[PDB]
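In structure tokens, the next block holds one chain alone, the form solved without its partner chain.
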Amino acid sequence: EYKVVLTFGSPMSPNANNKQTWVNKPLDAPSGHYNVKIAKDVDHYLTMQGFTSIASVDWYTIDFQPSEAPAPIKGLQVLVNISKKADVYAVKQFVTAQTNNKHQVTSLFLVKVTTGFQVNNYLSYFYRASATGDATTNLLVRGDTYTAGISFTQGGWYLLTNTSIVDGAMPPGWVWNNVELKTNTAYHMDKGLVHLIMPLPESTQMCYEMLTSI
């Protein structure tokens, strides 16, 4: 286990400092294109939603003493179609009980790209309508998608996310349920989503406690 300090880079196109954060929404992609998947094997993988460039990474022990970067996690891969494009160095899940029967799971993967690539994906964003009075108004994902290209550069660090909503029974450890972003379903905030409302300014630092194994 490590304490990991990420220094955020500039937003990845089509994102911008003054725009809503676009994330991949579905479990499919346009014709001729592919999702980015973070996979343990063919039956256990999560589809990339959030994509964020990380300028640098500082590694520490769990009590904050300085450490050299670990080696890649064996047996995890960032895949496009059937080819591995990045190594995974650290992982973390945030599990939130919205209710006992509705859990939100946000998975974060710190990855380093080994073959540069681009994908066209169906993108959307979080939004929240104004409402009158003290009524609850939900954090939602826009239904419509905007098809756009996303580019990943060799040698770059990236932070990838996936958020699932799991109904009913939960498994006991790492959750592999792969669920597209829902529209019409309330999300909560968790520490894995704080960078996905609008891009945080380049040079912003965030600290996470992360694992180097599933």
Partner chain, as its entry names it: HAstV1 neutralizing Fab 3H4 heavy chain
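Positions refer to the first chain, counted from 1.
Below, we turn to the form solved in complex with its partner chain, even though it does not appear here.
The candidate spot formed by 70, 77 and 154 lies fully in contact with its partner chain in the entry with it bound, as each residue has a heavy atom within 4.5 Å of it. In the entry with it bound, its partner chain lies within 4.5 Å of some heavy atom of residue 89. Although the partner is absent here, residue 120 sits far enough away that none of its heavy atoms falls within 4.5 Å of its partner chain in the entry with it bound. Under a 4.5 angstroms non-hydrogen atom cutoff, its partner chain in the entry with it bound lacks residue 103 among its neighbouring residues. For the partner-free chain shown, 112, 113, 114, 115 of 95-120 come within 4.5 angstroms of its partner chain in the entry with it bound, judged by any non-hydrogen atom.
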